[PDB]
Each structure stands twice: as C-alpha cells, then as structure tokens.
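Here is the structure we will look at.
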Amino acid sequence: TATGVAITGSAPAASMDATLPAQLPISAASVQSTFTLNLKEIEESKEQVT
Amino acid sequence: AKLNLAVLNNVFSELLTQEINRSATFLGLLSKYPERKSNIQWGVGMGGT
C-alpha cells in the first residue's frame, strides 16, 4: 500500500507482497490398454491373410 | 549290542525295471506333416457325365 500522509506526518503502517503456491499433483493414475492374443492365432494368420 | 547294527545304510542297486506299456506303434508310421493353417480342404471328384 502507498497512502498519503502529511509533510510532518508519522510514517504509516507496513505492507509487503505475497507469493503463493500451486502444488499441481501427479502420482495417482495412468491410462492403459491390453491385448490377450493367443499363440496359435498368430500362426494361422501368417498364411491366411493377403 | 552289536558294533555296527544301527549304523547300517540301505543302498539300492542299478536295477530300474520300467514295467508300464507306453507303445506308440501306429503313430510311428504315418509320415508326420506340419500344418500352420486353420483347416485342411481338398477336392473329391464324383461322376455326372
């Protein structure tokens, strides 16, 4: 603050700024995907697709 | 109170006699083939003329 006092005044009260945090968290979750493919499906599709 | 009576050790001999019958006779002469496909399809010809 910057207030106006008299010329013979008495030095008004103090003030400062303030700095604040944000804290923005990540370790909770994760996006994922699965397949479940066989071992014989991979074999007969190496000769039956163009 | 014999000197070596409880300090005997029982040792088997090399006489394994496998007595089960695991015989694969008809499988042993079929001329094995591989098949990396879904199913075998072949053609059978009939009459008609």
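Order determines the names: the first chain of the structure tokens is A, the second B, and so forth; residues in each chain are numbered 1 upward, and ligands are numbered 1 upward as they are shown.
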
Hey, could you make a per-residue contact list for chain B against chain A with 12 Å as the cut-off, showing the nearest pair of atoms and its distance in Å to one decimal, counting only C-alpha atoms, sorted by chain and number, as a Markdown table?
| residue | atom | partner | partner_atom | distance |
| --- | --- | --- | --- | --- |
| B:34 | CA | A:44 | CA | 11.9 |
| B:35 | CA | A:44 | CA | 8.8 |
| B:36 | CA | A:44 | CA | 5.3 |
| B:37 | CA | A:44 | CA | 4.6 |
| B:38 | CA | A:44 | CA | 6.0 |
| B:39 | CA | A:44 | CA | 9.5 |
| B:40 | CA | A:44 | CA | 11.9 |

Residues of the last selection are to be written out with N, CA, C and O atoms, as a compact mmCIF listing (two decimals), in the first residue's frame.
# COMPACT_ATOMS: atom_id res chain seq x y z
N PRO B 34 3.64 -80.88 -41.01
CA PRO B 34 3.19 -79.68 -40.30
C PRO B 34 1.95 -79.07 -40.93
O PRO B 34 1.64 -79.30 -42.10
N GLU B 35 1.23 -78.28 -40.14
CA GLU B 35 0.05 -77.59 -40.65
C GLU B 35 -0.15 -76.29 -39.88
O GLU B 35 -0.72 -76.30 -38.79
N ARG B 36 0.32 -75.19 -40.45
CA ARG B 36 0.10 -73.86 -39.89
C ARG B 36 -1.02 -73.16 -40.66
O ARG B 36 -0.83 -72.18 -41.38
N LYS B 37 -2.23 -73.69 -40.47
CA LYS B 37 -3.41 -73.20 -41.17
C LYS B 37 -4.61 -73.57 -40.30
O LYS B 37 -4.47 -74.29 -39.31
N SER B 38 -5.79 -73.06 -40.66
CA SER B 38 -6.97 -73.30 -39.84
C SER B 38 -7.49 -74.72 -40.02
O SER B 38 -7.77 -75.41 -39.04
N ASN B 39 -7.64 -75.16 -41.27
CA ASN B 39 -8.20 -76.47 -41.57
C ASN B 39 -7.83 -76.91 -42.98
O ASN B 39 -7.64 -76.08 -43.87
N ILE B 40 -7.71 -78.23 -43.17
CA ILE B 40 -7.31 -78.77 -44.46
C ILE B 40 -8.53 -78.97 -45.34
O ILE B 40 -9.52 -79.60 -44.94

Checklist entry - chain A: which residues are alpha helix (DSSP H) by DSSP, as a list in words? => result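 Here is the list: residues 41, 42, 43 and 44 of chain A.
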
Just write the chosen residues, C-alpha atoms, as a CSV table (one decimal), in the first residue's frame.
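Printed below is out-v1.csv as written:
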chain,number,residue,atom,x,y,z
A,41,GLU,CA,-3.9,-67.2,-33.7
A,42,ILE,CA,-0.6,-65.6,-34.6
A,43,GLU,CA,0.4,-68.7,-36.5
A,44,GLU,CA,-2.6,-69.4,-38.8
